[PDB]
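Here you get one chain, nothing else, as structure tokens; it is the form deposited without this ligand.
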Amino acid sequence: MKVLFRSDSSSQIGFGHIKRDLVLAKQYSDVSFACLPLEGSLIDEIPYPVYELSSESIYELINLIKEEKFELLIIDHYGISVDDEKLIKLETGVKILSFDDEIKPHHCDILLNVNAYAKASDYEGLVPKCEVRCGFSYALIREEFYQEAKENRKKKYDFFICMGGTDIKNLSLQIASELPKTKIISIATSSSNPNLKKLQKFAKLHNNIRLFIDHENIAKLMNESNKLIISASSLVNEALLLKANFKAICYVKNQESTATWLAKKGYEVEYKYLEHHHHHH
């Protein structure tokens, strides 16, 4: 409709914003991204025009919105503040859809919280007229999962481990390394994983660990595993749709709301990897 996503990815930030944004992007026919060129970004994976920002100045973003006459700005970025959104609105009049994950205020026209814990009432007083979209109704799930949700798979793995795109803390290794060596384990990670070679070496020491790198059918892997061990973000919605048995790892502070809700719903949740000694493995 002439839409711009403001979202970054990198080795540090992770791929989670861009990946979910790509699902949402399918809703619109004229889509562009505005990204900082950062080490390890997904800029070349993104199949839409990507405007490269020369600075973190909010006025550079404002310039791009004015010059290209974008009609909707989709913000999926922890670094864009309420004051920033206010300024963008004042200076451009663009419509703003803001992603939110922790229940924080936004100056937006559409608030989008894709996490199953979230309810529109949580945003009373935190948003402007704003359409508040919260919860599992608004999950951003790739099509393969809807297909796979209909299958009833024979189980091939005792455990499926997936920490997401990058696993900067290298939790996948720590988790696998302590599970009994009599348990059949699948691990899914990307070829961009900074500790991949180490994960491969570890797998070689054992007979029970199978690695899947840039796997095209993660849904089936999940469906054929008895228990999942997943980070507490986008994978949670995918796991819920598959009606999987899973343990959720609160990977970063911002997943606390999801983790808290999962525990209330009776899922096992682990918070210890937030502790400083677990920041690397």
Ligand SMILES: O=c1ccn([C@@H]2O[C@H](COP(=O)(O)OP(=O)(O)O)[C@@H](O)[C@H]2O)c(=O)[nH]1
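Position 1 is the first residue in the sequence shown; the rest follow in order.
What comes next is about the form solved in complex with this ligand, which is not displayed.
At a distance of at most 4.5 angstroms from this ligand in the bound PDB entry, all three residues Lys19, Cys162 and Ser190 contribute at least one non-hydrogen atom. Although the partner is absent here, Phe15 is a contact residue: one of its heavy atoms lies within 4.5 angstroms of this ligand in the bound PDB entry. Taking the partner from elsewhere, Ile218 is found to have a heavy atom lying within 4.5 Å of this ligand in the bound PDB entry. For the chain shown alone, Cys250 is not a contact residue for this ligand in the bound PDB entry, no non-hydrogen atom being within 4.5 angstroms. Taking the partner from the other structure, this ligand in the bound PDB entry has a heavy atom within 4.5 Å of a heavy atom of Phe145.
Contact with this ligand, judged by heavy atoms within 4.5 Å in the bound PDB entry, is confined among 226-234, 32-40, 50-58, 240-248 to 226-234.
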